[PDB]
Amino acid sequence: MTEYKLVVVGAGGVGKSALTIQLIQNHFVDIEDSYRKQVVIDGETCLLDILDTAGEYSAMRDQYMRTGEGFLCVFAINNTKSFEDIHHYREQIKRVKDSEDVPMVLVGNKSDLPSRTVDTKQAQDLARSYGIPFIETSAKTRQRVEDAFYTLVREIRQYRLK
Ligand SMILES: N[C@H]1CC[C@@H](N2CCCCCN3/C(=N/S(=O)(=O)c4cnc(N[C@H]5CCNC5)c(c4)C2=O)Sc2c(Cl)ccc(O)c23)CC1
Ligand SMILES: Nc1nc2c(ncn2[C@@H]2O[C@H](COP(=O)(O)OP(=O)(O)NP(=O)(O)O)[C@@H](O)[C@H]2O)c(=O)[nH]1
Ligand SMILES: [Co+2]
Ligand SMILES: [Co+2]
Ligand SMILES: [Mg+2]
């Protein structure tokens, strides 16, 4: 059965654990580990192996970046530093993978909040510059959570045909 190693990265408190638990448990959470879930995407069954990371020992961070097949780069829409810090997570992943081309999806989490400091258009334009998809999600309401993870799997599949 095809297996995909997914990694959720981003600054402290953006919602990495809440997004992962929402995909696994369908529940909004009120320790960093890995989670497994068999899913069907586009008529193909696969096993998702998801690592929830911290906002860590450098050698371990490099290992998860080396092992990871696809990365969800998460920022929160009310946290400008978390959005600016996407540059750093992207740079670190591309450096470890020694590739300009790594399956990645930019995620703007907390879309339910009325305290938005990052415009959708700003994050859209950044994602276009990076050549990656951009999705806004709410781990609280489950809005677009499956879309974020399933879009990441589709990017990994498109990459594997290259
Ligand atoms: N279950 C205990 C012992 C393992 C701990 N752990 C995290 C789970 C490792 C899962 C195996 N794994 C990996 N193993 S690892 O590369 O040796 C590794 C990397 N980071 C780890 N922990 C860091 C991530 C969470 N914050 C510290 C652990 C193991 C690491 O030391 S990489 C990886 C990826 Cl990219 C996707 C899915 C994965 O399941 C995966 C969690 C607590
Ligand atoms: N309103 C709202 N709050 C959210 C959302 N996702 C996460 N939160 C809240 O944000 C806080 C941090 O969430 P958490 O999932 O721990 O984030 P994290 O990125 O995993 N934290 P860390 O890097 O420490 O591990 C919690 O209070 C959580 O309830 C969301 O979509 N909307
Ligand atoms: Co509960
Ligand atoms: Co830099
Ligand atoms: Mg967490």
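Just so it is clear, chain A uses Swiss-Prot numbers, and the residues here are 1-30, 36-60, 63-169, in order.
So this one's X-ray crystallography, 1.4 Å, going by the header.
Keep in mind that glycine also has a Cβ here, set from the backbone N, Cα and C atoms.
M1 (N-acetylmethionine) is surrounded by 7 other CB atoms, counting those within 10 A of its CB over all protein chains shown. Annotation source Swiss-Prot lists N-acetylmethionine at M1.
Residues or ranges marked as N-acetylthreonine in Swiss-Prot (evidence: experimental evidence): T2. Non-local contacts of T2 (N-acetylthreonine) by the CB criterion (under 8 A, 6+ apart in sequence, same chain) comprise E49, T50, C51, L52.
Under the three-state DSSP scheme, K104 (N6-acetyllysine) falls in the helix class. Annotation comment: Swiss-Prot describes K104 as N6-acetyllysine.
For the pair formed by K104 (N6-acetyllysine) and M1 (N-acetylmethionine), distance between Cα atoms is given as 25 Å, rounded to the nearest Å. In the deposited model, 5 residues go unmodelled between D30 and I36, whose Cα atoms sit 14 Å apart.
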